[PDB]
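The lines below spell out each chain.
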Amino acid sequence: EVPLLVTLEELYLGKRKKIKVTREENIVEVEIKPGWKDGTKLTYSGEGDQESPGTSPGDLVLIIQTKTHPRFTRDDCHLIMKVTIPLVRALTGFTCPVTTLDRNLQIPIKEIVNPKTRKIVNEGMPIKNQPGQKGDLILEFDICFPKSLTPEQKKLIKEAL
Amino acid sequence: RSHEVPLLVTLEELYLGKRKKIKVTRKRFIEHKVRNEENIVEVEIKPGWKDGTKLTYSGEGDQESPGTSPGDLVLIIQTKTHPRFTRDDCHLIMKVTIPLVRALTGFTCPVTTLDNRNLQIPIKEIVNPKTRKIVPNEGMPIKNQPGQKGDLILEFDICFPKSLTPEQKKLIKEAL
């Protein structure tokens, strides 16, 4: 079998790639449907090796292989994004930047977020046979703590908390 | 012949060493039938021994045929889960649960050692979810060099407040 590396964006929207295969170097157009998961097998007849003149070329087997996305991790029909944010924003509030698979979607969080927080939002992957409907967007936070604080900051913190 | 049997010990026993009576069982032919015969043996647990340490008791194993000499019994040190510490090589790790205010402003951390000593450790620097505070010589004894010990490693489980009034947040903004 021959692996077919695709991206989450190509799996999100859809794409008709042009892969190169040698059996004699030819280019085969392979369509990608939204929602396809890893392991998906595709077979193209005639694109394989020919054993003899008196027989036609064999088939070509491809296996969907998703590449690592710099901003997302896939969990079935859900997407997960790690966002590094300063402790102060986690306690007081802030709007989170989200460059979806395609636009910019600003998500303002007001409530207190902690290391175990999982903000669940239709902003994940498209669900099979359900037009316009997508999975949930899970927001995970990487709260950055101050390296050090002055004696006065600590006093104010104790008074505040 | 020979077979292995777990010997369950506690971190307290591996820290202080312990001499005690252990009950073992093995196959023996009695009146033409195989029986599970219990016997009592003594074991001396040495400070610092690690999991996997094998103790071979010659002749305490299973008997294959009547009259023939019994094989050997092999005991393997296995450490029971401790409610306070996790052993890491020669170190001891302890997870301390604290409120966010203390993580940011300081506090004093109590620790009861395996030999029942009572420590009160000051935490002066800011601690965060990834902090690993190393406390010298408060780990396990090192089998190789006697008198020596590894370290105590303090990690923290910081509880964030569930809510904060608008006045409190404004104060936090000013502070941080």
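K.L.:
Sorry, what's going on with the overall build of chain B here?
P.N.:
Within chain B one finds 3 helices and 11 strands. Along chain B, from the amino end to the carboxyl end, the secondary structure elements read β-α-β-β-β-β-β-β-α-β-β-β-β-α. In terms of C-alpha radius of gyration, chain B reaches 25 Å, well past the compact-globule figure of 16 Å for 176 residues. Expressed as lengths along the three principal axes of its C-alpha atoms, the size of chain B is roughly 85 × 35 × 20 Å. Looking at chain B residue by residue over its 176 residues, the buried ones come to 38%. Accessible surface, chain B: about 10700 Å² in total, of which carbon and sulfur atoms supply 48%. Positive and negative charge centroids in chain B, built from 30 and 23 side chains respectively, lie 4 Å apart.

K.L.:
Sorry if this is basic, but what is going on with the domain arrangement of chain B here?
P.N.:
Accessible area lost on assembly of the parts is the figure often given for the size of an interface. Residue and element names in this part refer to chain B. You can read the domains of chain B as domain 1 (1-81) and domain 2 (82-162). Between the C-alpha centres of domain 1 and domain 2 the distance comes to 35 Å. Across the contact, 12 residues belong to domain 1 and 15 residues belong to domain 2. Of the roughly 1200 Å² buried between domain 1 and domain 2 on both sides combined, carbon and sulfur atoms contribute 59%.

K.L.:
Please clarify how the domain arrangement of chain A should be interpreted in this entry.
P.N.:
Residue and element names in this part refer to chain A. As assigned here, chain A comprises domain 1 (1-68) and domain 2 (69-147). Listed as interface residues are 11 residues of domain 1 and, on the opposing side, 12 residues of domain 2. Here domain 1 meets domain 2 over a buried area of about 1100 Å², counting both sides, of which 61% is carbon and sulfur. Looking at the side of domain 1 facing domain 2, the largest losses of area belong to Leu-8, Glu-9 and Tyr-12, adding up to 59% of the total buried there. Viewed at the interface, domain 2 and domain 1 are joined by 1 salt bridge. Here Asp-76 makes a salt bridge to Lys-37, at a shortest N to O gap of 2.6 Å.

K.L.:
Whenever I open this one, the sheet that holds strand β10 (residues 118-120) of chain A confuses me. Can you help?
P.N.:
Residue and element names in this part refer to chain A. With respect to topology, 4 strands assemble into an open sheet ordered β6-β7-β11-β10, the strand pairing being mixed. Unpaired on one side and paired on the other, β6 (73-75) and β10 mark the two borders of the sheet. Recorded for the sheet is a direction-independent mean angle of 30° between the axes of neighbouring strands. For β6 and strand β7 (residues 78-86), the ladder comprises 3 bridges, and the chain directions are antiparallel. Bridge pairing links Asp-75 to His-78 in β7.

K.L.:
I'm lost on the interface of chain A and chain B in this one. Help?
P.N.:
At the interface, 24 residues of chain A touch 25 residues of chain B. A buried area of about 2300 Å², summed over both sides, lies between chain A and chain B, and 76% of it is on carbon and sulfur atoms. The largest share of the area that chain A buries against chain B comes from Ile112(A), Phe145(A) and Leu161(A), three residues that together contribute 27% of it. Across the chain A-chain B interface, the total number found is 0 salt bridges. Linking chain A to chain B there are 5 residue pairs in polar contact. Listing elements by their share of the side of chain A that touches chain B, those giving two or more residues are α2 (87-92), β11 (137-144) and α3 (151-160) of chain A. Element by element, the count of residues in the side of chain A that touches chain B is highest for α3(A), at 6 residues. Each residue belonging to the side of chain A that touches chain B can be placed in one class, and the counts come to 14 nonpolar, 4 polar and 6 charged.

K.L.:
Would you mind going over the pattern of salt bridges with me for this structure?
P.N.:
It is possible for side chains of opposite charge to pair when their charged atoms get near one another. Residue and element names in this part refer to chain B. Inspection of every chain in the model, using the stated rule, returns 21 salt bridges over all chains. Measuring nitrogen to oxygen at the nearest pair gives 3.0 Å for the salt bridge that ties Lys-54 to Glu-4. With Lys-54 in strand β4 (residues 54-57) and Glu-4 in strand β1 (residues 2-9), this pair connects stretches of sequence that are 50 residues apart. Taking the shortest distance from any N to any O, the salt bridge between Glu-37 and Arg-26 comes out at 2.8 Å. You can see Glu-37 sitting in strand β3 (residues 33-45) and its partner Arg-26 sitting in strand β2 (residues 18-30), a full 11 residues away along the chain.

Thresholds applied
Residues numbered from 1 in each chain as written, not as in the entry; some residues may be left out. Chains lettered and ligands numbered in written order. Heavy atoms only, no water. Helix = DSSP H or I, 4+ residues; strand = E, 2+ residues; numbered from the N terminus. Rg over C-alpha atoms; globule rule 2.2 N^0.38 Å. Buried < 20%, exposed > 50% of the residue type's maximum accessible area, 1.4 Å probe, protein only. Areas by Shrake-Rupley, 256 points an atom, 1.4 Å probe, with all protein chains shown as cover. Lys, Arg positive; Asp, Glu negative; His and termini not counted. Charge placed at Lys NZ, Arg CZ, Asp CG, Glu CD. Domains from an automatic or database assignment. Contact = heavy atoms within 4.5 Å. Buried area = accessible area lost by both parts, 1.4 Å probe. Salt bridge = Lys/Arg side-chain N within 4 Å of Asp/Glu carboxyl O. Pairing = 2+ DSSP bridges. Axes fitted to C-alpha atoms, helices over the stretch in contact; angles between N-to-C directions. Polar contact = N/O pair within 3.5 Å; in protein donor to acceptor, adjacent residues only side chain to side chain. Nonpolar A, V, L, I, M, F, W, Y, C, P; charged D, E, K, R; others polar.

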